[PDB]
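Student: Just dropping in an experimental structure and the matching sequence.
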Amino acid sequence: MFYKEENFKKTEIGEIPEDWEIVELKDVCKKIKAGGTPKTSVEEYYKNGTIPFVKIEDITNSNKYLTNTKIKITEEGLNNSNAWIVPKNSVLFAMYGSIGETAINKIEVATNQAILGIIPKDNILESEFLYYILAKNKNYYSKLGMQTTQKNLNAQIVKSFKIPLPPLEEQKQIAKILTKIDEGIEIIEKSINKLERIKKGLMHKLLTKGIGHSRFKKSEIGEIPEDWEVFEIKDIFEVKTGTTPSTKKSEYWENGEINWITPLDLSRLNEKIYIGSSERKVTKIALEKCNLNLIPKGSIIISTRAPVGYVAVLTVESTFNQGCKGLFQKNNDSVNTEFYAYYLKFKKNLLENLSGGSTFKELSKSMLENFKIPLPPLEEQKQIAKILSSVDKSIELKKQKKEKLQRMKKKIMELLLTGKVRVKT
């Protein structure tokens, strides 16, 4: 069950419930000492080590539990330094570098003077509970300089940390809940990373070998399907240029309703393929007076200045500044813009070099025009683009599921670690 009512409560290190007892980390832990670094100049201290030596890095590169070590140390190195074999299921706390970064070592390890080996008193304080506690106040802990005297964290300072100490049974309960949440977030995060890997492989595969082919040939753009041809952007698209109507005239921006896309609007896309709105808009007067190029919906827009290589497909007609270039197809019956938007993202590094051919990176109109591209049959272009865009969508739905779970953890974590909700026992 879940204790709904909060009843009355104390108030020392914050609103704490009756049962809770604000205790000092040192009073509930049987050992809070820092590690040490054996004379790195001595080979006999590391030469074929058996004791995993933990550094600030090892903790940061660990997800809650520490099970791997980058470097090792032997008995001699150990005995000839301030490092000590920390018992399993303990809690490591980084005092320098990554202030607040905590973890639970699953294997006996040693640490340098940066990491702090902490051992909770048996049946007095759970390591699991301690982990989630030091995590909730991780940001608050790291903040120990902007206050007055900038100081990282001393072994004596951490020992004086005032943390809430609920019944041993509740500590296991609360920690079990947060542990389940964390595992969920881990499962989703693993599918996201794998799907992003598949997506990357699909980009290379599909855009070079297409789909459904068994015959290929050489070409100016490498091995490609036999049914595919090669051309230049100029051959299939018309390249349009943009401009920025004087900022001195309101007649150009006041209540603007025509999109005016800048490379900044594109960078904010976050890999999204479609763009249907711009931060700042221009008016019909600006369009005719400044003779801006208006490209229809379905056109391709790409940044040629500043962050070069950002590409999108317009969902609504729009104009754009000199920081971009537009691509309009000769006939919208032999080309799918989404496919080419993807092809261009795929060749971002290539476009980046063409422009970086000097100071002030700019992708000239000739550069874009002469850029070589594949020309698959319209139908295959739709197929390859449906696949790429459907996977991109899947990745996004997953990231959104992770986000809601991470927010939910942040919520529940706030309620359980305090006097709000509790477990039945």
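Tutor: Right, received. Where do you want to start? Residues are numbered from 1 along each chain as shown.
Student: quick one, phi/psi of residue 199?
Tutor: phi -60, psi -40 (degrees, to the nearest 10).
Student: count of neighbours near it?
Tutor: Per other Cβ atoms under 10 Å, the neighbour tally for residue 199 reads 15. Quick note: C-beta positions are derived from backbone N, CA and C, even for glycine.
Student: what separates it from residue 58, distance-wise?
Tutor: 30 Å (Cβ to Cβ, to the nearest Å).
Student: cool, residue 253 as well?
Tutor: Counting by Cβ to Cβ, the gap from residue 253 to residue 58 is 54 Å.
Student: who's more crowded, the two?
Tutor: Neighbour count, other Cβ under 10 Å: between residue 253 and residue 58, residue 58 has more, with 24 against 17.
Student: And the strand or helix carrying that one, how far out from the chain middle?
Tutor: Taking DSSP states H and E as the criterion, the element that holds residue 58 is helix 56-60. Distance, stretch centre to chain centre, for helix 56-60: 18 Å (Cα atoms, centre = their mean, to the nearest Å).
Student: Past it, which element shows up next along the chain?
Tutor: strand 65-66.
Student: Would you quantify the distance from the closest residue to residue 302 other than its chain neighbours to residue 300?
Tutor: Using Cβ to Cβ, 6 or more residues apart in numbering and skipping the chain neighbours, the partner closest in space to residue 302 is residue 311 (4.4 Å). Computed as Cβ to Cβ, the residue 311 to residue 300 distance reads 6 Å.
Student: any common contacting residues for these two?
Tutor: 341, 344 (Cβ atoms under 8 Å, 6 or more residues apart in numbering).
Student: Look at these two and report which has more neighbours.
Tutor: residue 311 (25 against 22).
Student: What residue spans form the domains of this structure?
Tutor: 1-164+419-425, 165-228+376-418, 229-375 (curated CATH domains).
Student: Check the offset of the longest one from the chain's centre.
Tutor: To tie it back to what came earlier, the one meant is domain 1-164+419-425. Distance, centroid of domain 1-164+419-425 to centroid of chain: 25 Å (Cα atoms, centre = their mean).
Student: swap in the second one?
Tutor: A distance of 12 Å separates the C-alpha centroid of domain 165-228+376-418 from that of its chain, computed with Cα atoms, centre = their mean.
Student: I'd like the numbering to begin with 444 instead of 1 from here.
Tutor: Will do, 444 is the new start, and the previous item becomes domain 608-671+819-861.
Student: show me the contacts for the residue of the chain most remote from its centre.
Tutor: Here the centre of the chain is the reference, and by Cα atoms, centre = their mean the most remote residue is residue 732, at 43.8 Å. Neighbouring residues of residue 732 by Cβ under 8 Å, 6+ apart: 688, 694, 695.
Student: Show me which of those residues are buried.
Tutor: Among the contacts of residue 732, the ones that count as buried by 16 or more other Cβ atoms under 10 Å are 688, 695.
Student: what's in contact with stretch 527-536?
Tutor: So stretch 527-536 is in contact with 476, 478-479, 494, 497, 502, 509, 521, 544-554, 558-563, 570, 573-574, 577, 596, 601, going by Cβ under 8 Å, 6+ apart.
Student: for residue 816, phi and psi?
Tutor: phi -140, psi 160.
Student: Residue 801 belongs to a helix?
Tutor: No: per DSSP: H, G, I helix; E, B strand; the rest coil, residue 801 lies outside any helix segment and is coil.
Student: How many residues are close by it?
Tutor: 7.
Student: can you check residue 629 too?
Tutor: Neighbours of residue 629 (other Cβ under 10 Å): 12.
Student: What distance do you get for the residue nearest to it when sequence neighbours are not counted to residue 748?
Tutor: Once flanking residues are discounted, residue 629 sits nearest to residue 506: 6.8 Å by Cβ to Cβ, 6+ apart. Here residue 506 is placed at a distance of 40 Å from residue 748 (Cβ to Cβ).
Student: More neighbours: these two, which one.
Tutor: residue 748 (17 against 11).
Student: How is that one assigned, secondary-structure-wise?
Tutor: Per three-state DSSP, the secondary structure class of residue 748 is coil.
Student: Residue 706 is in contact with that one, correct?
Tutor: Yes: at 6.2 Å, residue 748 counts as touching residue 706 under the criterion of Cβ atoms under 8 Å.
Student: Now the common contact residues for those two.
Tutor: 766, 767.
Student: neighbours of residue 651, just the number please.
Tutor: 17.
Student: Equivalent analysis for the one 10 residues further on, please.
Tutor: Here the number of neighbours of residue 661 (other Cβ under 10 Å) works out to 8.
Student: and what of residue 566?
Tutor: Residue 566 has 7 nearby residues by other Cβ under 10 Å.
Student: do the same with the one 5 residues further on
Tutor: By other Cβ under 10 Å, the residues close to residue 571 number 20.
Student: ok, then the element right after the helix or strand encompassing it?
Tutor: Using DSSP H and E, residue 571 sits in helix 570-579. Of the helices and strands lying after helix 570-579 in sequence (DSSP H and E), the nearest is helix 581-585.
Student: before we move on, the earlier item: elements contacting the helix holding residue 501?
Tutor: Judged by 3 or more Cβ pairs under 8 Å, 6 or more residues apart in numbering; DSSP states H and E, helix 499-503 is in contact with strand 534-537.
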